[PDB]
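Colleague: Below is a structure I'd like to ask you about.
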Amino acid sequence: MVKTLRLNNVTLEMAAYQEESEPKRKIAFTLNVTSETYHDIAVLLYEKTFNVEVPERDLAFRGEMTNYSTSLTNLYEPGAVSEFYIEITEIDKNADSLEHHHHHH
């Protein structure tokens, strides 16, 4: 029961968590963001890579957002309002081959 879900230190709730376990493990969780902070969030879309960590199934996963899902939104407190898509595909090495690791870590 995937209730304890963390996206890079950020604990997350959802409404419709749906992961495709075959040909491509796509973690599609429906995040219902509310109109409270939705102002900036409407501008946010996919953004970055996500470190999906789940203690139950034991998955310290770092998948990529293909950024072409045609969905919007990224994070922020899930209430029960704007059901949005954050469907993260099982990361491939298709997108570039450079170890682009240097943000602040």
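Please note that chains go A, B, ... in the order of the structure tokens, that every chain numbers its residues from 1, and that ligands are numbered from 1 in the order shown.
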For region 50-101 of chain A versus region 36-40 of chain A, which residues have an atom no more than 10 Å away, and what is each residue's nearest atom pair and distance in Å rounded to one decimal, using only C-alpha atoms, chain-then-number order, as JSON lines?
Modeller:
```
{"residue": "A:73", "atom": "CA", "partner": "A:38", "partner_atom": "CA", "distance": 8.5}
{"residue": "A:76", "atom": "CA", "partner": "A:37", "partner_atom": "CA", "distance": 7.9}
{"residue": "A:77", "atom": "CA", "partner": "A:37", "partner_atom": "CA", "distance": 8.8}
{"residue": "A:79", "atom": "CA", "partner": "A:36", "partner_atom": "CA", "distance": 9.9}
{"residue": "A:81", "atom": "CA", "partner": "A:36", "partner_atom": "CA", "distance": 9.8}
{"residue": "A:82", "atom": "CA", "partner": "A:38", "partner_atom": "CA", "distance": 8.6}
```
Colleague: Store the residues picked out above in a file with C-alpha atoms, as a compact mmCIF listing (two decimals), in the first residue's frame.
Modeller:
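Dumped everything to out31.txt:
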```
# COMPACT_ATOMS: atom_id res chain seq x y z
CA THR A 73 1.92 21.08 -12.16
CA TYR A 76 2.91 21.32 -3.49
CA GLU A 77 0.52 20.26 -0.75
CA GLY A 79 -5.57 18.72 -0.90
CA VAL A 81 -8.79 20.10 -5.69
CA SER A 82 -6.86 20.22 -8.95
```
Colleague: Excluding residue 7 (chain A) and residues on its chain fewer than 4 positions from it, collect all residues at most 7 Å away from it, counting only C-alpha atoms, and give them as a PyMOL selection string.
Modeller: chain A and resi 11-12+50-53
Colleague: List the neighbours of residue 26 (chain A) out to 12 Å using only C-alpha atoms; skip same-chain residues closer than 4 positions along the sequence, and give me the result as a PyMOL selection string.
Modeller: chain A and resi 17-22+52+61-66+69+85-92
Colleague: I'd like to know which of A:5, A:16, A:60, A:10 is closest to residue 31 (chain A), using only C-alpha atoms.
Modeller: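 So, comparing all the options, the nearest one is A:16.
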Colleague: Between A:15, A:75, A:27, A:59, which is the closest to residue 43 (chain A) once you count only C-alpha atoms?
Modeller: A:75
Colleague: Please, what distance in Å, to one decimal, runs between CA of residue 78 (chain A) and CA of residue 41 (chain A)?
Modeller: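 The value is 12.0 Å.
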Colleague: Just asking: which residues within chain A are alpha helix (DSSP H) according to DSSP, as a list in words?
Modeller: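 After running DSSP on the backbone, chain A has alpha helix (DSSP H) at residues 38, 39, 40 and 41 of chain A.
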Colleague: Using C-alpha atoms, can you write the selected residues to a file as a CSV table (one decimal), in the first residue's frame?
Modeller:
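What follows is the written file result26.csv:
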```csv
chain,number,residue,atom,x,y,z
A,38,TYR,CA,-2.0,27.2,-7.7
A,39,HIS,CA,-1.0,30.6,-9.0
A,40,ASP,CA,2.7,29.8,-9.5
A,41,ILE,CA,1.9,26.1,-9.8
```
Colleague: Which value, in Å to one decimal, gives the distance between CA of residue 25 (chain A) and CA of residue 98 (chain A)?
Modeller: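 It comes out at 23.0 Å.
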Colleague: Please run DSSP on the backbone and report, as a PyMOL selection string, all residues within chain A that come out as strand (DSSP E or B).
Modeller: chain A and resi 5-7+10-12+16-20+26-33+45+50-54+59-64+73+78+82-89
Colleague: Which residue out of A:49, A:80, A:68, A:42 has the minimum interatomic distance to residue 101 (chain A) when only C-alpha atoms are used?
Modeller: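 Of A:49, A:80, A:68, A:42, the one nearest residue 101 (chain A) is A:49, counting only C-alpha atoms.
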